[PDB]
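> pasting the sequence and an experimental structure:
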Amino acid sequence: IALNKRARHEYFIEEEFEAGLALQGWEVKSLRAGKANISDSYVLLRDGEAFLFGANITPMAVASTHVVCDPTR
RNA sequence: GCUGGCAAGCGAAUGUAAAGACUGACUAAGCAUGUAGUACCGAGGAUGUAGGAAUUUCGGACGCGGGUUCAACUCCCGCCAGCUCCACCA
């Protein structure tokens, strides 16, 4: 369910909705399986309607053995 | 506007205020063509056919690139990231 145990133990969630996000082929096809690292995503104000911040990309072996796919994307 | 013919005082009754045509040097004050102005807008008028607001969506991304069914998000190919099989003795 990806409950975000940090945000569960601290400052219980109050409001949420449902929406997707935009990403490239590198950082995709693993979220379909479920692996990810979304613990305490630091989403801050962005001019483009608060672009997703904080959470990185899953460390699954989809790497081109240079980087995972994108250290910062 | 000073004057202009005089009644009215020099501080009195108290003023009509049009301003266009016509000659020409025209390239306004050498020098191209003139008798009303083609300029300049900015709150004076209009475009609203198309680009800006909503509104149907085209655009995108499942690795990329493109010649492919467009319904592509693997319908045809070259690579690269792993598995396997061997070729591979100057």
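Everything's here; your move. Numbering: from 1, shown residues only, chains lettered A, B, ... in the order given.
> quick one: the most centrally placed residue in chain A and RNA strand B, what's the gap?
A centroid search over chain A (CA atoms, centre = their mean) returns residue A:55, at 4.0 Å, as the residue closest to the centre. Counting by CB to the nearest atom of the strand, to the nearest Å, the separation of residue A:55 from RNA strand B is 16 Å. Every C-beta, even on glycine, is put in place using the N, C-alpha and C of the backbone.
> the strand or helix carrying residue A:7 packs against which elements?
Residue A:7 belongs to helix A:5-9 when elements are defined using DSSP states H and E. Contacting helix A:5-9 under the criterion 3 or more CB pairs under 8 Å, 6 or more residues apart in numbering; DSSP states H and E is no other helix or strand.
> can I get that helix in CSV, CA atoms only?
Taking Å, rounded to 0.1, in the frame of the first residue of the first chain, the C-alpha atoms of helix A:5-9 are listed here in CSV:
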residue,chain,number,x,y,z
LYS,A,5,5.7,4.7,7.7
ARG,A,6,7.5,8.0,8.4
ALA,A,7,4.4,10.1,7.6
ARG,A,8,2.4,7.5,9.5
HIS,A,9,4.4,7.6,12.7
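> need the contact partners of it.
Residues from elsewhere that reach helix A:5-9 (CB atoms under 8 Å, 6 or more residues apart in numbering): A:13, A:39-40.
> and if we set it to 10 Å?
By CB atoms under 10 Å, 6 or more residues apart in numbering, the residues outside helix A:5-9 that reach it are A:13, A:38-41.
> and those as CSV, adding distance to RNA strand B and neighbour count?
Below are those laid out as CSV (distance: CB to the nearest atom of the strand, whole Å; neighbours: other CB atoms under 10 Å):
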residue, distance to RNA strand B, neighbour count
A:13, 24, 9
A:38, 17, 14
A:39, 22, 13
A:40, 24, 12
A:41, 18, 14
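> return the subset of those residues lying in strands.
Judged by DSSP state E, the contacts of helix A:5-9 include no members of strands.
> quick one, phi psi at the residue in chain A positioned nearest to RNA strand B?
At 2.8 Å from RNA strand B, residue A:25 is the closest residue in chain A, using CB to the nearest atom of the strand. When quoted as degrees, to the nearest 10, the phi and psi of residue A:25 stand at phi -70, psi -20.
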